[PDB]
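Data block below; observations after.
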Amino acid sequence: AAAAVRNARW
Amino acid sequence: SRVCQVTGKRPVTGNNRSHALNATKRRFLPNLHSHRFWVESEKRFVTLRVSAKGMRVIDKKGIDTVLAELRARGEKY
Amino acid sequence: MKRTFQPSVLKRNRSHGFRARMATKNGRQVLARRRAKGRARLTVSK
RNA sequence: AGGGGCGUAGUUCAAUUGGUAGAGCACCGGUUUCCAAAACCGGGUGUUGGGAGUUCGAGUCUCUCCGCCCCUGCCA
RNA sequence: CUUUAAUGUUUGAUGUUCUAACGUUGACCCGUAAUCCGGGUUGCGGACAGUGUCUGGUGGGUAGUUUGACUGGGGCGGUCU
RNA sequence: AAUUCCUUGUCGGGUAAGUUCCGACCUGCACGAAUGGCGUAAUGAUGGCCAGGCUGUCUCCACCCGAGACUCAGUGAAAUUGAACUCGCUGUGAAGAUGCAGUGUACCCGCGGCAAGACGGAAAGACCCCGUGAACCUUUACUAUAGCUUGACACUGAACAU
RNA sequence: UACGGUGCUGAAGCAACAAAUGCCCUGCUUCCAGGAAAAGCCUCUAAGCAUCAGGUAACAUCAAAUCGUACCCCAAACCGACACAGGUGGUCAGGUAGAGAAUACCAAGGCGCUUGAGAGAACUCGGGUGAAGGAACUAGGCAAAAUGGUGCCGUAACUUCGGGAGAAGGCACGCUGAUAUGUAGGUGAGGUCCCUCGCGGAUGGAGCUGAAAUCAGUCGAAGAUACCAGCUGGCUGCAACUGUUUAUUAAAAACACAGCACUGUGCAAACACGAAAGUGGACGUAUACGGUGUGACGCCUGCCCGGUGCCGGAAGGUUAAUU
RNA sequence: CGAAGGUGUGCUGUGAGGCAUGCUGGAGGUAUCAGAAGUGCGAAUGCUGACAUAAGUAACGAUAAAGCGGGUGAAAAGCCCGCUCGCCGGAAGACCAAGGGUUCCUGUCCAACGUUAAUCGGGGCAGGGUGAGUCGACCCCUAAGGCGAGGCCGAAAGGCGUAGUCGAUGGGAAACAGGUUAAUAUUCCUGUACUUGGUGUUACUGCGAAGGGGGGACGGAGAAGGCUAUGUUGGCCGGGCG
RNA sequence: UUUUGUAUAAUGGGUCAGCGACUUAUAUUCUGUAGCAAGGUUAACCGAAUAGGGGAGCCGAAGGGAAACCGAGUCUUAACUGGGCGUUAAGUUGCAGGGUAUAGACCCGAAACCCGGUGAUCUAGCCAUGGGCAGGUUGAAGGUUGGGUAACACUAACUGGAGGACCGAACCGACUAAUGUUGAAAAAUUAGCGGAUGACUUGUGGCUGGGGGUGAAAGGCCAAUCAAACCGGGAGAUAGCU
RNA sequence: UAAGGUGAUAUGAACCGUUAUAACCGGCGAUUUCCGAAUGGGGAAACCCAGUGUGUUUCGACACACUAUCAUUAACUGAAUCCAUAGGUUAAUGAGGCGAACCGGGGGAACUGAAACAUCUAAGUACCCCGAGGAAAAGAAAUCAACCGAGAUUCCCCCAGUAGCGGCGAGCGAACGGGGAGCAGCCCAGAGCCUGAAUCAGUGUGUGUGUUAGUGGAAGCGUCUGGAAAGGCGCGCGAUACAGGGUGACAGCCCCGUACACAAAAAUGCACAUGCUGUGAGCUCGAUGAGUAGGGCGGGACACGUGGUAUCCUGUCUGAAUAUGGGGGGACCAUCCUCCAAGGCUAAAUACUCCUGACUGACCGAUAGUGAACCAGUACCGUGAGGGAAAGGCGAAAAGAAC
Ligand SMILES: [Mg+2]
Ligand SMILES: [Mg+2]
Ligand SMILES: [Mg+2]
Ligand SMILES: [Mg+2]
Ligand SMILES: [Mg+2]
Ligand SMILES: [Mg+2]
Ligand SMILES: [Mg+2]
Ligand SMILES: [Mg+2]
Ligand SMILES: [Mg+2]
Ligand SMILES: [Mg+2]
Ligand SMILES: [Mg+2]
Ligand SMILES: [Mg+2]
Ligand SMILES: [Mg+2]
Ligand SMILES: [Mg+2]
Ligand SMILES: [Mg+2]
Ligand SMILES: [Mg+2]
Ligand SMILES: [Mg+2]
Ligand SMILES: [Mg+2]
Ligand SMILES: [Mg+2]
Ligand SMILES: [Mg+2]
Ligand SMILES: [Mg+2]
Ligand SMILES: [Mg+2]
Ligand SMILES: [Mg+2]
Ligand SMILES: [Mg+2]
Ligand SMILES: [Mg+2]
Ligand SMILES: [Mg+2]
Ligand SMILES: [Mg+2]
Ligand SMILES: [Mg+2]
Ligand SMILES: [Mg+2]
Ligand SMILES: [Mg+2]
Ligand SMILES: [Mg+2]
Ligand SMILES: [Mg+2]
Ligand SMILES: [Mg+2]
Ligand SMILES: [Mg+2]
Ligand SMILES: [Mg+2]
Ligand SMILES: [Mg+2]
Ligand SMILES: [Mg+2]
Ligand SMILES: [Mg+2]
Ligand SMILES: [Mg+2]
Ligand SMILES: [Mg+2]
Ligand SMILES: [Mg+2]
Ligand SMILES: [Mg+2]
Ligand SMILES: [Mg+2]
Ligand SMILES: [Mg+2]
Ligand SMILES: [Mg+2]
Ligand SMILES: [Mg+2]
Ligand SMILES: [Mg+2]
Ligand SMILES: [Mg+2]
Ligand SMILES: [Mg+2]
Ligand SMILES: [Mg+2]
Ligand SMILES: [Mg+2]
Ligand SMILES: [Mg+2]
Ligand SMILES: [Mg+2]
Ligand SMILES: [Mg+2]
Ligand SMILES: [Mg+2]
Ligand SMILES: [Mg+2]
Ligand SMILES: [Mg+2]
Ligand SMILES: [Mg+2]
Ligand SMILES: [Mg+2]
Ligand SMILES: [Mg+2]
Ligand SMILES: [Mg+2]
Ligand SMILES: [Mg+2]
Ligand SMILES: [Mg+2]
Ligand SMILES: [Mg+2]
Ligand SMILES: [Mg+2]
Ligand SMILES: [Mg+2]
Ligand SMILES: [Mg+2]
Ligand SMILES: [Mg+2]
Ligand SMILES: [Mg+2]
Ligand SMILES: [Mg+2]
Ligand SMILES: [Mg+2]
Ligand SMILES: [Mg+2]
Ligand SMILES: [Mg+2]
Ligand SMILES: [Mg+2]
Ligand SMILES: [Mg+2]
Ligand SMILES: [Mg+2]
Ligand SMILES: [Mg+2]
Ligand SMILES: [Mg+2]
Ligand SMILES: [Mg+2]
Ligand SMILES: [Mg+2]
Ligand SMILES: [Mg+2]
Ligand SMILES: [Mg+2]
Ligand SMILES: [Mg+2]
Ligand SMILES: [Mg+2]
Ligand SMILES: [Mg+2]
Ligand SMILES: [Mg+2]
Ligand SMILES: [Mg+2]
Ligand SMILES: [Mg+2]
Ligand SMILES: [Mg+2]
Ligand SMILES: [Mg+2]
Ligand SMILES: [Mg+2]
Ligand SMILES: [Mg+2]
Ligand SMILES: [Mg+2]
Ligand SMILES: [Mg+2]
Ligand SMILES: [Mg+2]
Ligand SMILES: [Mg+2]
Ligand SMILES: [Mg+2]
Ligand SMILES: [Mg+2]
Ligand SMILES: [Mg+2]
Ligand SMILES: [Mg+2]
Ligand SMILES: [Mg+2]
Ligand SMILES: [Mg+2]
Ligand SMILES: [Mg+2]
Ligand SMILES: [Mg+2]
Ligand SMILES: [Mg+2]
Numbered sequence: 027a028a029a030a031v032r033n034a035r036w
Numbered sequence: 002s003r004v005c006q007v008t009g010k011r012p013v014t015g016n017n018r019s020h021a022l023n024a025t026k027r028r029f030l031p032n033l034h035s036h037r038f039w040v041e042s043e044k045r046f047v048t049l050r051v052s053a054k055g056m057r058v059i060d061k062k063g064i065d066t067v068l069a070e071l072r073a074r075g076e077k078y
Numbered sequence: 001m002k003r004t005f006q007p008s009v010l011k012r013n014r015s016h017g018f019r020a021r022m023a024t025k026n027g028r029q030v031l032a033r034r035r036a037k038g039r040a041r042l043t044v045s046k
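As you go down the protein sequences, you meet chains p, 12 and l2 in turn.
Taking PDB author numbering, I'd label the letters of the first sequence as residues 27 to 36.
Taking PDB author numbering, I'd label the letters of the second sequence as residues 2 to 78.
Taking PDB author numbering, I'd label the letters of the third sequence as residues 1 to 46.
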């Protein structure tokens, strides 16, 4: 599994 | 459990209605009461868990007659 | 780092053992299902 | 910016809301007081923000235009 | 007919006093080697309380859901015949 | 001000220069008294600010010691991948070209390196919107309901007084 | 004799000193938060036996079954998919230095971590040193550097008088000799008295152990020389504080907190878990318990009952089942 | 006298195709006209299996450290022996519980397993190995708690709970030293002890409960004193004259 | 593939082989075809049984009107010269096919809802019974002896050993930075850091179960999963979307 | 039944048999450790610990047997409390659990559909619980019809997607009547006169027909190709057997069978007959199911959702008539028909297949068909419930390759 890389563009 | 020892009345299930006819499950339980009945033949008091409808039939049928059926029923008064 | 499994034979038998499972009908239904399935090992007891 | 409210006597507010604008204080005049005030009597005051319309008739109804308030102008 | 005074009746409204239903998580005895339970004795309470059916009120305590569209993205504003 | 939008408010202190800090001012956009107010020693891997010491943090990096990286031998992966004979420029073009047009350049092929591009790899975008989607949560949204509460009747009787 | 081994023989086998976290000690002292049970065991008698049985004592004698027992057990054997830089409870506790189970070097004992060999580029990681300047770096003194011990001197604002405080700041530390050839102290034999007599008492001081201080000398750039081992001060916001929290990006000003106030609750208590029985509350009783908000302490906590709740009232209006 | 299938080749039709043949294979196949469909695959980040790519690239698991001689062997950086060096030493040593289950010892082997090689191994194979009156468990006893005759309650199922009965992490009888195996030992052997019951004998004799009492029997902190484990020194014994 | 539009730098695919999606049942309508024909045809069932029997029924040949009713007419209206719907026109039963309907209905895919179970060997809290916390400081109350008082109070010294006290290992926590990010390790290591006699920590058992638990409260935790665990069932839920 | 045989991987070894005690098959017995309803107590299933009694003796012990709970019945004893009763102790019987679906009953969803969503639908489905049988359930008119009649229940085809129900939406959906399958009627609510009548249930006793081992079972040679003939080419034969399988390539005549014809010491099913043990047939006169029907309230079931809603079931509160009487005929009344509730029993037609045997398939052919053609619910994964694989083919003969 993984943890959604918070490289999030908001 | 909530069982009449004379009439055998037991809880039954039904619906709560409403002005919008919404139906929710409910239970109807008997009007059971523990009463000490005086049995003349044994000159004793025997306690029975009876419904309010059962109380009426005891006067009509006699205390001895109902117990005779109970012994046939094996209810273990 | 301590994990989820710490072996304990006494705890294991008291939780899932044959007598613990068969004590109640729900566990007895597990045995019925495993007997119906044909499991080689019915319970966890050795 | 956008949207709502407001503009009435000298100052603060009523208004009728189609046909005639009042109240309080202030101001003035006369009493009272040695005098001022407090008190008493009497009274005059208004383009109803500006304009342009309605309508027989507008401070009131409609639309802009000034000024003064109250709200919003947010998600990446 | 009104006004109705009294008269019995039929239903209720309280209040008082009982016990016998019922209550006792009061005491005592027995089942009994037992702080359960049941029975007995007694006291207290008592036609209440409590429970059943029906019923009014309350009830995010807990549920099932709704909460529009158009729109120079959406919301806000506006609009819907 | 843990609150102040205008705003780096104004004044003072600290600095060579201080939108932070400290002291005041009050004009409190939009503090405020147990959803506590103001102070407060001690405490704090608490936040902000200042000074001394201290230093390669830096001016500005140099050298050295080890472990990798490199070479040899042995063992031997991975994500990815439509197919490739896989250049630059300018222009065009599902509108940012290795592949089209024009033009320029370029012998064939490794090894060590750097990451500008291949809208590189990872994961059916979390932001935005949509579906007459889902779920939890709130309430004076709707309809109910457990519970609580009211009365009638039953369990439930007697006598008396009004 | 098969490097093992096997067989035979085999000396001394004492004292002093130091010394536990082990033992005396399930003791002693003290405190408030007031600190299991049962059985074995000892004893007492009922009923039931008291000639018996049974009990006590001394011998002889039997019996003591069954199961586990290897090995790993801070790890390559267990939990982590791995012969996995992780996790895993108890017991044992050598020498020197040291306050110490810290730390450094060693003993007993056990290991060198299951790819190596070269080379000695960039770059990266773990480290060492650095001219001059010394925070100019950077969101920020992040990191690193620095401080670091014992003894003594000395130590401010403020304070709830406890603190602040190891405040800051400073001095002395090695070795040798002397005082005193191995001191003060500690330990304590022999000997000599006493004993209703012993694992005795009182003298007695041998022998061991042994700081600390002063003086003198001496070496080095440096004597707490290594390891080990606080950076400090000033202003201010928040929270009183120790504590707790998002296991796996947040340890905080958040939560808790003692305290305070309101409110419910008379004990078959309220309340809560339970269709119910019942249980918790509590084997407690308002100096108690539950709920709510606030959050040590200090000074204090003002005005509004219209709205919404809650509490009280019950005359009237309205109003269900029922009739 | 070579069916399907596969693999070539040739011919042929507008196409999906068809025909024939060489080779492979070695036993089935099937005209024609009808009938019935699990009737046609390139994609669905399709499913399963196989095989590429990156690529002989990264990595080969703590920077505690190795070196040499000899031995065995087809072969030795890695195994055995020896001599050095280095590491831990409140552990990286020793003994257990829990947990594992033979990994223990010996012989044998190197395909796979071991991140390399391996003669070695916790690998493969075959044997051997765990000896108890006193150590544990079992047993007696109870805690929390579980189950629970009857009982109470509950549509059924069931829930709670009394008497009881289970349940250690606690309370209860007793063994130490020495020696020995390739692998076990307070278990075997040697030496010297101890305990609880049963039976019998002898003597003296009040015994006796599901009952009573005592005991078992209990905190935290602190303070010493007396000791031992243990260590140091001296003495003693043996060896040494560098 | 999806689009107004893709060499597009939009999605899909490393490759091959295998598998992989418009079906089935019933009813209904339409077309084709076959049979019979103003008629057509049976169903269940019987039956040596794909025959035959069974005409129970169904459709059609007559419609109009809400209906009673009337009828090649009928309704409307008081009545229609009227107007609406009808009256010449073959249907019916099989077979195949095109649609429709009910079923999963062309295939794959939800997040979820509901039901019954399994989990507190992890973790949270609680219960019972055990264990652990080197060493070094600070020196409360109280006590004794003085000094002071009429007695206190007060004060000094010496004893004392109080604390969610101090410094600091084990133990426990997890604040900063670097590494690591296909890890030695699905959360760790190294150097520092906080607590370290307590609201401490830990071992062994026990108890609380999913709209529930537990929570010094973060929507945290409840077996690497938590704004409603896991497993099975309803179930091929549904998916106007891709 | 037998000349061969000691199960399989799987040889070998040592043996046993050969005309009937080898082996194999069937019937009937014997033995049947431990755990498990588990039953002496306990327990972490396959373990631990007893008590009683009988019988053993080597005086250390040993071997059997019994000892759970509950229900029912009967004895004996036995409280408060004088009798009693509760309770207690024995002794007899019975029950416990497991198992596929089908069946009856007690509870009872949601997703979904309605293009949302409450009524409704899904659906009395899934699921849980209780009980029973080979079937279950139902069942002998207080039924329908309509002025004519039918005559228990169950099942099938119609009636009919009609009448109706329904936010009159989605959807749900009969009955009457008809055609079929199959048909069976009785007892108590009471006494006589008759009398053991019919009938049913037990059992023996035979017959018949099965079941559980078995027996016989027809008919071909030659030649060619080929490793091998069952193929080719010839010439035969059997057939109540040309169903299939095997044999070195395709076999009617090689083998096993098949068609037919037979078989049972023993056990057992079924049916008929018959004998016992119960069981009562018939006749007359009576009797004719009361807290019930009905009603009020709240629900549910009938296709029918409260609607004008009959009918059925009842949680609650009431409450009749009773043959000179009641029920029903879809609100209700009258008339007229029809039936007699408040007590029971009852086969068949019907549903299903864990299991046994035979047979069939325009069903599959190793990624298919059961998850499993293989030591598969295994390996493995998960604390657990649970999840869950991959994996078939040498050749005719192993002749499996001496050297
Ligand atoms: Mg946002
Ligand atoms: Mg809600
Ligand atoms: Mg819904
Ligand atoms: Mg919209
Ligand atoms: Mg600002
Ligand atoms: Mg300034
Ligand atoms: Mg300031
Ligand atoms: Mg505030
Ligand atoms: Mg206030
Ligand atoms: Mg307040
Ligand atoms: Mg601070
Ligand atoms: Mg500085
Ligand atoms: Mg390219
Ligand atoms: Mg371009
Ligand atoms: Mg370019
Ligand atoms: Mg390269
Ligand atoms: Mg680079
Ligand atoms: Mg780079
Ligand atoms: Mg990308
Ligand atoms: Mg998306
Ligand atoms: Mg999204
Ligand atoms: Mg929308
Ligand atoms: Mg004490
Ligand atoms: Mg390890
Ligand atoms: Mg892992
Ligand atoms: Mg492992
Ligand atoms: Mg540990
Ligand atoms: Mg150390
Ligand atoms: Mg060392
Ligand atoms: Mg280097
Ligand atoms: Mg760097
Ligand atoms: Mg340095
Ligand atoms: Mg140097
Ligand atoms: Mg420098
Ligand atoms: Mg310098
Ligand atoms: Mg700067
Ligand atoms: Mg700068
Ligand atoms: Mg720093
Ligand atoms: Mg440093
Ligand atoms: Mg300070
Ligand atoms: Mg500030
Ligand atoms: Mg704090
Ligand atoms: Mg803290
Ligand atoms: Mg975190
Ligand atoms: Mg934590
Ligand atoms: Mg953190
Ligand atoms: Mg607070
Ligand atoms: Mg008021
Ligand atoms: Mg109020
Ligand atoms: Mg074929
Ligand atoms: Mg060919
Ligand atoms: Mg062949
Ligand atoms: Mg297909
Ligand atoms: Mg690959
Ligand atoms: Mg290489
Ligand atoms: Mg490369
Ligand atoms: Mg490389
Ligand atoms: Mg490399
Ligand atoms: Mg290594
Ligand atoms: Mg060597
Ligand atoms: Mg092994
Ligand atoms: Mg070994
Ligand atoms: Mg090899
Ligand atoms: Mg081995
Ligand atoms: Mg022994
Ligand atoms: Mg033993
Ligand atoms: Mg012992
Ligand atoms: Mg019971
Ligand atoms: Mg219980
Ligand atoms: Mg026990
Ligand atoms: Mg124990
Ligand atoms: Mg050993
Ligand atoms: Mg051992
Ligand atoms: Mg000693
Ligand atoms: Mg194009
Ligand atoms: Mg592309
Ligand atoms: Mg792709
Ligand atoms: Mg046709
Ligand atoms: Mg026919
Ligand atoms: Mg007809
Ligand atoms: Mg006409
Ligand atoms: Mg069709
Ligand atoms: Mg379709
Ligand atoms: Mg502390
Ligand atoms: Mg500390
Ligand atoms: Mg601290
Ligand atoms: Mg988790
Ligand atoms: Mg949910
Ligand atoms: Mg599920
Ligand atoms: Mg469904
Ligand atoms: Mg689906
Ligand atoms: Mg037993
Ligand atoms: Mg819907
Ligand atoms: Mg049967
Ligand atoms: Mg034969
Ligand atoms: Mg009757
Ligand atoms: Mg009634
Ligand atoms: Mg009703
Ligand atoms: Mg109506
Ligand atoms: Mg309606
Ligand atoms: Mg009705
Ligand atoms: Mg195949
Ligand atoms: Mg398949
Ligand atoms: Mg398969
Ligand atoms: Mg295969």
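A virtual CB, placed ideally from N, CA and C, is assigned to each residue, including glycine.
Inter-residue CB distance, residue i and residue j (contact presumed, cutoff 8 Å)
i	j	result
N17 (chain 12)	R28 (chain 12)	About 10 Å separates the two Cβ atoms, so there is no contact after all.
Which of helix, strand or coil DSSP assigns to residue i
i	result
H20 (chain 12)	coil
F46 (chain 12)	strand
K2 (chain l2)	coil
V30 (chain l2)	helix
Which listed residue (the options) has its alpha carbon closest to that of residue i
i	options	result
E43 (chain 12)	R74 (chain 12), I64 (chain 12), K77 (chain 12) and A21 (chain 12)	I64 (chain 12)
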